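Engineer: Below is one structure. I have some questions about it.
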RNA sequence: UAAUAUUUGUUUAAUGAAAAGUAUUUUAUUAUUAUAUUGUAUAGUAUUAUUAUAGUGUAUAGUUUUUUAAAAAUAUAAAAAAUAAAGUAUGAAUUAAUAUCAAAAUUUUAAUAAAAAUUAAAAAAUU
Ligand SMILES: [Zn+2]
């Protein structure tokens with residue numbers, strides 16, 4: 026760095042899509058019909074119902 | 047030279063039996079190497095911090111982590127001889143605790159005095 | 055809250071020196087200054103001469119509260135805490151005392167009188183019922199030349215006696231205690247034992263003197 | 113007059129249908145925690161707890177603890193669990209500890 | 339007029355004899371080390 | 061003194077030496093604490109107040125001072141001072157042949173046996189083992205470092221196993 | 024029908040307290056310098072807790088001087104020329 | 420003692436602890452010490468004055 | 015050794031500061047011994 | 011050398027031969043001392059540097075008294 | 001600067017250790033053949049540093065804390081091969097007169113001229 030960056034340069038990084046995708050992003054989920062925990066589709070739990078039929 | 051006898055500088059035998067600090071009851075004729083004079087002040091500290099490294103591979107006096115007080119050692123009561131490991135040259139320095147008992151009204155006495 | 059403080063952090067971050075310390079903690083080095091100030095402000099009675107000179111207030115006296123809360127209230131002195139310069143006055147400055155729970159008991163909220171500073175209370179003249187400035191007087195006690203000290207009200211000239219210090223007489227340990235008729239028996243015959251002592255000092259003094267004569 | 117002012121301020125803050133939890137000395141930074149907070153503003157308690165539960169970030173874990181405890185507080189206050197919402201989430205700078213980072217040629221700095 | 343500064347301790351008998359003053363001092367000192375009265379310590383560094 | 065300093069502008073007072081001396085008192089209450097061999101005036105003067113009144117009373121003849129009857133020796137012979145105390149956890153409800161004593165560090169193995177023989181009447185003692193343990197150091201709630209007195213741990217080996225029973 | 028170091032020492036006449044001392048470091052038996060962990064050192068009693076000493080929490084790692092005097096340092100009566 | 424007095428209500432006359440105001444420095448002073456007699460001191464206190 | 019972080023060298027910087035007993039031993043006269051005159 | 015304060019809390023680079031300081035592991039900061047040093051306060055009995063004299067009077071009055 | 005560098009604990013032949021001058025052993029501990037007395041565990045170099053210095057004495061105690069799902073270029077070894085970069089967590093340092101910035105060209109002005117004037121045509125983020 027050759028100079029102190031003002032609040033605008035600090036604020037410029039949040040307009041970027043990289044920032045938004047990394048930090049402020051909401052996850053999509055449903056309720057596991059076997060466990061009733063919030064769940065992302067494609068990720069399962071160690072429980073013998075959830076291994077064979079993985080809901 | 048040294049007032050204190052030479053067996054407490056280097057040992058009475060080869061393994062350095064009798065060396066260290068020795069304190070004397072100051073009613074007793076025999077004398078120790080504990081001297082608080084300025085000129086002696088290095089070597090007493092030299093015993094308390096270092097101790098001494100004997101050529102026999104064993105470190106005499108203080109080898110550890112707890113430095114010994116030369117001041118509260120019990121009094122020097124004798125001198126070492128090779129036959130019987132310690133000769134008692136002076137018995138009068140050992141405290142003989144003696145308590146008078148069952149004399150007069152002494153039995154009725156109790157450690158505390160009562161109230162009125 | 056400590057365990058959830060450690061349940062919210064990451065396992066990756068180590069913190070060293072858990073049971074030992076780089077610097078030796080057994081040196082006496084002073085506190086940081088504001089807790090020294092806490093100590094001083096909390097502990098004022100450790101100062102020299104904090105006890106007030108010829109102390110007047112003794113339990114049983116009737117006293118007005120001059121300043122602060124409860125101003126203008128007359129009461130009787132219940133207890134004296136002398137080294138703090140504090141007074142407990144009957145049903146003045148009564149607050150709650152919390153007695154915590156334990157194995158057998160619940161938490162109890164119990165009203166109690168709390169110590170008042172001596173600065174803000176003044177005596178009431180037992181005759182005039184006015185605030186009197188009390189001075190401290192010596193008066194020959196009856197049958198006694200000791201002239202023990204009483205407190206006089208300057209306006210009306212009334213002497214107030216000092217009450218006794220009566221205490222727990224409920225403490226005793228008969229088996230282990232010597233009775234008085236036992237303890238007061240005189241065994242000291244002094245001349246005989248004095249002679250013995252003196253002679254055995256004499257012996258040593260002479261002995262060393264003749265040793266001096268020898269080496270001279 | 114004054115004690116009455118503070119009385120009515122406390123009672124107008126109290127008889128309001130909300131629960132305000134203040135958690136102090138949270139073990140995260142200001143910037144990171146602000147980042148992790150800004151996701152959750154203006155959400156249901158349901159989606160708040162779910163979005164806190166479903167992320168890999170420290171800030172979200174901390175906010176989950178806060179949500180759970182404030183929820184217990186609000187239920188102890190007599191509100192309804194199913195209608196709760198995060199009305200206000202904010203972070204402000206707290207306390208600090210310092211550390212020695214040792215660097216070559218007799219250089220040091222304070223982490 | 340004082341014969342010792344106000345902040346000095348009073349170590350002496352009630353008669354004023356200084357005969358025992360070293361015993362009194364020694365006693366006070368061993369007592370400042372470990373007061374006989376002393377209740378439970380709230381410190382994490384505890385003698386046992 | 062190629063060039064003389066201006067010394068006329070100073071009033072005469074001794075500056076403090078910049079490598080300032082630390083106070084002679086020993087602040088370390090740990091394990092490694094050293095007894096200071098150096099003797100100040102105060103030691104001898106307090107001796108002199110203790111043994112005879114030095115400020116007021118006239119000194120006794122040397123022959124008395126150097127004799128068994130001289131008061132600190134007299135009082136030590138006829139009024140001994142030792143705290144020989146017992147760790148109860150050694151003698152509590154277990155039978156133990158080896159009770160453990162705390163002892164003032166100036167006692168020998170012989171003096172303990174003499175103590176137990178003539179006072180407590182403990183007549184069977186096979187032998188004594190001796191440790192010197194530095195007194196117990198603790199901090200109180202203000203953080204004042206305090207150190208209880210140094211002691212000597214004596215494991216005392218008997219003939220007959222000894223217990224002290226606790227009624228539950 | 025396992026190993027059982029005690030009955031292995033009894034079969035070999037190895038003094039079963041010693042045989043075990045072969046399989047722990049020389050720090051834990053003999054008086055010898057060695058790496059010690061400050062959590063083993065022991066702790067004074069807190070208000071919440073009791074005292075913690077290395078007598079109760081580590082009996083088997085403490086030093087034995089039977090073995091130490093019989094193995095390492097010399098006997099005096101072997102050398103006495105008197 | 421504060422707690423116990425607050426509960427039991429007993430009056431306490433002498434302080435339950437001894438305070439060495441010299442913080443262990445009075446032992447440094449030699450045992451025979453006494454202040455010298457100072458003559459004609461500066462002060463207004465030896466004139467007992469109640470009203471000024 | 016007085017230079018170290020150890021506590022022995024910490025004591026020696028402090029303990030060695032106190033002043034020893036002083037008496038004025040005024041010189042002996044070995045060759046003129048007044049007591050034999 | 012010395013691009014920051016002469017304090018032992020200050021931000022930037024220091025040097026040992028100019029600004030000598032001893033080794034303070036976790037030095038409680040300018041304001042509040044935080045949850046880390048307090049973690050140490052509630053577990054090992056004092057702050058990790060051993061310079062901060064443990065002073066608990068204020069809780070002795072709270073629990074034991 | 002800095003959503004940065006660093007750190008990152010999934011498998012041990014560090015066998016040994018007097019020369020360390022710091023580390024609450026609550027009683028670490030003989031049963032001795034010997035006599036009294038004294039003393040045994042981790043802090044060298046500002047660090048729990050690259051990793052110690054040296055004198056013992058010995059050879060089968062495996063004697064038991066190193067993250068990770070592409071490719072360039074850097075570092076080793078044989079442009080192939082081995083290693084490392086989106087990562088969750090920790091979080092420094094050089095630097096900092098600045099306004100949301102200063103892109104391209106032309107001449108001028110007291111010495112590059114990011115100084116002028118004129119024409120002009122520089123979006124945001126990340127590497
Ligand atoms: Zn499931």
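Protein chains in written order, with UniProt numbering: chain A, 26 to 80; chain B, 47 to 162; chain C, 55 to 270; chain D, 113 to 223; chain E, 339 to 386; chain F, 61 to 228; chain G, 24 to 105; chain H, 420 to 471; chain I, 15 to 51; chain J, 11 to 75.
C-beta atoms are modelled at their ideal positions from N, C-alpha and C, and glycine is treated no differently.
Keeping to the same chain, check which residues put their C-beta closer than 7 Å to that of residue 140 of chain D; ignore five residues upstream and five downstream.
Structural biologist: As a working note, residue 140 of chain D is residue 28 in the fourth chain. The answer, listed in chain order, is 170, 171, 174.
Engineer: At a cut-off of 7 Å, would you count residue 72 of chain A as near ligand 1, judging by its Cβ distance to the nearest heavy atom?
Structural biologist: If you number the first chain from 1, residue 72 of chain A lands on position 47. Indeed, a heavy atom of ligand 1 lies less than 7 Å from the Cβ.
Engineer: Ligand 2 heavy atoms versus the CB of residue 166 of chain D: any closer than 7 Å?
Structural biologist: Ligands present in the displayed structure are limited to ligand 1, and ligand 2 is not among them.
Engineer: Can a CB atom of chain B be found closer than 8 Å to the CB of residue 104 of chain F?
Structural biologist: Here residue 104 of chain F is taken as the residue at index 44 of the sixth chain, counted from 1. With 8 Å as the cut-off, residue 104 of chain F does not count as an interface residue toward chain B.
Engineer: Taking Cβ positions, are residue 139 of chain C and residue 104 of chain C nearer each other than 8 Å?
Structural biologist: Here residue 139 of chain C refers to the residue found at position 85 when the third chain is read from its first residue. Here residue 104 of chain C refers to the residue found at position 50 when the third chain is read from its first residue. A contact, by the Cβ cut-off of 8 Å.
Engineer: Please tell me whether, using a cut-off of 7 Å, the distance from the CB of residue 56 of chain J to the nearest non-hydrogen atom of ligand 1 is below it.
Structural biologist: Walking along the tenth chain from the start, residue 56 of chain J turns up at place 46. False, no ligand heavy atom lies under 7 Å from that Cβ.
Engineer: Just tell me which of B:115, B:72, B:132 has its CA closest to the CA of residue 92 of chain B.
Structural biologist: The residue you call residue 92 of chain B lines up with position 46 of the second chain. It is B:115 whose Cα lies nearest to the Cα of residue 92 of chain B.
Engineer: Give the residues of chain A in contact with residue 165 of chain D, contact being defined as C-beta atoms less than 7 Å apart.
Structural biologist: As a first step, residue 165 of chain D must be located in the fourth chain, where it is residue number 53. Chain A residues near residue 165 of chain D: 63.
Engineer: Can you list, in chain order, the residues of its chain whose CB lies under 6 Å from that of residue 121 of chain C, leaving out five sequence neighbours each side?
Structural biologist: Within the third chain, the letter at position 67 stands for residue 121 of chain C. Around residue 121 of chain C: 174.
Engineer: May I ask you to verify whether the region 88-95 of chain F touches the region 22-38 of chain I, counting CB pairs closer than 8 Å and requiring at least 3?
Structural biologist: yes
Engineer: Suppose contacts are defined by Cβ-Cβ distances below 8 Å. Is residue 70 of chain J in contact with residue 85 of chain C by that definition?
Structural biologist: Along the tenth chain, one-based indexing puts residue 70 of chain J at 60. Along the third chain, one-based indexing puts residue 85 of chain C at 31. Taking 8 Å as the Cβ cut-off, residue 70 of chain J and residue 85 of chain C do not qualify as a contacting pair.
Engineer: Using a Cβ cut-off of 8 Å (strictly closer), state whether residue 105 of chain G contacts chain B.
Structural biologist: Here residue 105 of chain G is taken as the residue at index 82 of the seventh chain, counted from 1. So, interface residue.
Engineer: Name the residues in the region 28-39 of chain I whose C-beta lies less than 7 Å from a C-beta of chain F; which are they?
Structural biologist: 28, 29, 31, 32, 33, 34, 35
Engineer: For residue 218 of chain C, count neighbouring C-beta atoms within 10 Å of its own C-beta (all shown protein chains included) and say buried if the count is 16 or more, exposed if not.
Structural biologist: Reading the third chain from its first residue, position 164 is the one you call residue 218 of chain C. Within a 10 Å sphere around the beta-carbon of residue 218 of chain C sit fewer than 16 other beta-carbons, which makes this residue exposed.
Engineer: From residue 154 of chain B to residue 227 of chain F, what distance separates their C-alpha atoms?
Structural biologist: As a working note, residue 154 of chain B is residue 108 in the second chain. As a working note, residue 227 of chain F is residue 167 in the sixth chain. If I take the Cα positions, the gap works out to 29 Å.
Engineer: So what does residue 75 of chain G bridge to, in DSSP terms?
Structural biologist: Reading the seventh chain from its first residue, position 52 is the one you call residue 75 of chain G. In DSSP, residue 75 of chain G forms a bridge with G:66.
Engineer: Out of D:134, D:129, D:143, state which residue places its alpha-carbon closest to the alpha-carbon of residue 35 of chain A.
Structural biologist: Locating residue 35 of chain A in the first chain gives position 10, counting from the first residue. Considering only alpha carbons, the answer is D:143.
Engineer: Does DSSP put residue 130 of chain C in a helix, in a strand, or in coil?
Structural biologist: For this step, residue 130 of chain C is matched to residue 76 along the third chain. Looking at residue 130 of chain C - three-state DSSP - the assignment turns out to be strand.
Engineer: From this set, C:259, C:243, C:128, C:251, which residue's C-alpha is nearest residue 134 of chain F's C-alpha?
Structural biologist: In the sixth chain, the residue the question calls residue 134 of chain F occupies position 74. Answer by Cα proximity: C:251.
Engineer: Would you check whether ligand 1 has a heavy atom nearer than 7 Å to the C-beta of residue 142 of chain D?
Structural biologist: Translated into the one-based positions of the fourth chain, residue 142 of chain D becomes position 30. No, ligand 1 has no heavy atom inside 7 Å of this Cβ.
Engineer: Relative to chain D, which residues along the region 59-70 of chain J have a C-beta separation below 8 Å, given in chain order?
Structural biologist: Contacts with chain D (Cβ-Cβ distance below 8 Å) from the region 59-70 of chain J involve no residue at all.
Engineer: If you compare alpha carbons, which of G:51, G:37, G:58 is closest to residue 78 of chain G?
Structural biologist: In the seventh chain, counting from the first residue as 1, residue 78 of chain G sits at position 55. Looking at the Cα atoms, G:51 is the closest of the given residues.
Engineer: Taking DSSP as the reference, what is the three-state secondary structure of residue 111 of chain C?
Structural biologist: Translated into positions along the third chain, residue 111 of chain C becomes position 57. DSSP places residue 111 of chain C in coil when its eight states are reduced to three.
Engineer: Looking only at its own chain, which residues have a Cβ that is under 8 Å from the Cβ of residue 105 of chain F, when we skip the five neighbours before and after it?
Structural biologist: For this step, residue 105 of chain F is matched to residue 45 along the sixth chain. For residue 105 of chain F, where only same-chain residues beyond five positions count, the Cβ hits under 8 Å are 114.
Engineer: Between which two residues does the beta strand (DSSP E) harbouring residue 219 of chain D extend?
Structural biologist: Along the fourth chain, read from residue 1 onward, the residue named residue 219 of chain D stands at position 107. It spans 219-222 - the beta strand (DSSP E) in which residue 219 of chain D sits, taken as one unbroken run.
Engineer: If the criterion is Cβ atoms closer than 8 Å, does the pair residue 32 of chain I and residue 79 of chain F meet it?
Structural biologist: For this step, residue 32 of chain I is matched to residue 18 along the ninth chain. For this step, residue 79 of chain F is matched to residue 19 along the sixth chain. The answer is no: Cβ separation not under 8 Å.
Engineer: If you compare alpha carbons, which of C:165, C:186, C:157, C:106 is closest to residue 141 of chain C?
Structural biologist: Numbered from 1 along the third chain, position 87 holds the residue referred to as residue 141 of chain C. Ranking C:165, C:186, C:157, C:106 by Cα distance to residue 141 of chain C puts C:106 first.
Engineer: Going by beta carbon distance, what residues of the same chain come within less than 6 Å of residue 207 of chain F, once the five residues before and after it are set aside?
Structural biologist: Here the question's residue 207 of chain F lines up with position 147 in the sixth chain. If you ignore the 5 residues before and after residue 207 of chain F, its C-beta comes within less than 6 Å of the C-beta of 89, 195, 197, all in its own chain and listed in chain order.
Engineer: For the region 190-212 of chain D, which residues have a CB atom closer than 8 Å to at least one CB atom of chain A, in sequence order?
Structural biologist: Answer in chain order: no residues at all.
Engineer: Return helix, strand or coil for residue 174 of chain F, following the three-state DSSP convention.
Structural biologist: Along the sixth chain, one-based indexing puts residue 174 of chain F at 114. Correct three-state label for residue 174 of chain F: helix.
Engineer: In this structure, how does DSSP classify residue 198 of chain D when only helix, strand and coil are distinguished?
Structural biologist: Along the fourth chain, one-based indexing puts residue 198 of chain D at 86. In this structure, residue 198 of chain D counts as coil in the three-state DSSP scheme.
Engineer: Against chain C, does residue 429 of chain H count as a neighbour if the rule is that its beta carbon must be under 8 Å from one of theirs?
Structural biologist: Here residue 429 of chain H corresponds to residue number 10 of the eighth chain, with the count starting at 1. Taking Cβ atoms only, chain C reaches closer than 8 Å to residue 429 of chain H, which makes this a yes.
Engineer: Starting from the Cα of residue 154 of chain D, find the closest Cα among D:201, D:177, D:211, D:218 and give me that residue.
Structural biologist: Numbered from its first residue, the fourth chain carries residue 154 of chain D at position 42. The option with the nearest alpha carbon to residue 154 of chain D is D:201.
Engineer: What does residue 371 of chain E reach in chain G if we use C-beta pairs closer than 9 Å?
Structural biologist: Position 33 of the fifth chain holds residue 371 of chain E. Within chain G, no residue comes near residue 371 of chain E; the closest Cβ sits about 17 Å away, beyond 9 Å.
Engineer: According to DSSP, is residue 368 of chain E helix, strand or coil?
Structural biologist: Against the fifth chain, residue 368 of chain E aligns to sequence position 30. Here residue 368 of chain E sits in helix by DSSP.
Engineer: Candidates B:152, B:158, B:160: which alpha carbon is nearest residue 240 of chain C's?
Structural biologist: On the third chain, residue 240 of chain C is found 186 positions in, with the first residue counted as 1. The candidate whose alpha carbon is nearest that of residue 240 of chain C is B:152.
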